[PDB]
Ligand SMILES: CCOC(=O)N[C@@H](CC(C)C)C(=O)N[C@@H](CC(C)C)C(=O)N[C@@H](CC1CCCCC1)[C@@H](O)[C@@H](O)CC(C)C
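Below sits a lone chain in structure tokens, taken as the form deposited without the named molecule.
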């Protein structure tokens, strides 16, 4: 039973620490269920984003070992380029021996420069892994370093502490009620089927169904740009002066509940949740992002939805289990 604490960053970015090499070099990474690769900046990276963050120096790890393999990854926000190498990764109190991870050479762009995080640790299916690189949780399960072939995650609300990723375990301490399990549509992302999206007893969206991934590496609740128009129009969101869609922070009171039906089970989203706010100003947690796929336009269930529902990712039976947090 591994335990990896996470830092809640402005209810927008949840990262955690890891160590790579011997002695171990520390790095803060994002635990991304929307990605499957693990990469940290390296000392052979001259990009403004690596100078800005910690750089893994293989020359100082006695258990490091190289490859000829190049790796490349595209994110809806960042881009990356590097080489693959093996070393021992320390996660949630578990020594992940012979883990293949990438070492950056380029981290192009503006966005990876302003980030409080150094790298990314994907928790999705090896199906979408760049360079067919073995994900961490797969390497843990394979080396029998975890008792169960599942992991669970708890995300903190209002900047509080308490955010955690439980490797090979489930803790009833985090949810109320019973664990509802939903089968996985398509193995790649943490892909689930949504049946509908309601408000006021009205199906404001996702009629006849839609696809959604459960991504802890996305901050807002995401969907096709036309579809969300309907939602923002409904909660009274406004694309303001500076380029944002805020809302009268007091208009939370009137506002009904947006409800998501998954596998026929109702999963409500209270306005205290779908509306982000600083005691100065209120935004919408809904974001339009057209994400085409063979399956269709993806809806992403990000931190707004995950903060309210304790999620279990079961690789054994390929299902996602949900339950309201405590």
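Numbering follows the first chain given and starts at 1.
The same protein has a further form, the form deposited with the named molecule bound, not shown here; the description that follows concerns it.
> Please tell me whether any heavy atom belonging to residue 170 falls inside 4.5 Å of a heavy atom of the named molecule, as the geometry stands in the deposited complex.
Output for residue 170 is no: heavy atoms all beyond 4.5 Å of the named molecule.
> Would residue 13 count as a contact of the named molecule in the deposited complex, using a 4.5 angstroms cut-off between non-hydrogen atoms?
Taking the distances in the deposited complex, the answer for residue 13 is yes, it comes within 4.5 Å of the named molecule.
> Using the partner position in the deposited complex, report whether residue 222 sits within 4.5 Å of the named molecule, counting heavy atoms only.
Within the cut-off, so yes.
> Considering only heavy atoms, tell me if residue 152 and the named molecule come within 4.5 Å of each other in the deposited complex.
Contact check for residue 152: no, nothing within 4.5 Å of the named molecule in the deposited complex.
> Can you tell me which of 45-53, 258-266, 32-40, 59-67 lies within 4.5 Å of the named molecule in the deposited complex, counting heavy atoms only?
In the other structure, the partner sits against 32-40.
> Looking at 140, 112, 165, 103 here, can you tell me which has any non-hydrogen atom within 4.5 angstroms of the named molecule in the deposited complex?
Contact residue from the list: 112.
> Tell me, out of 82, 217, 135, 92, which residue has a non-hydrogen atom within 4.5 angstroms of the named molecule in the deposited complex.
Exactly one residue meets the criterion: 217.
> Let me test this: is every residue among 77, 120 and 189 within 4.5 Å of the named molecule in the deposited complex, going by heavy atom positions?
Yes.
> Would you give me the residues of 297-326 that have any heavy atom within 4.5 Å of the named molecule in the deposited complex, in order from first to last?
Only 300 sits within 4.5 Å of the partner.
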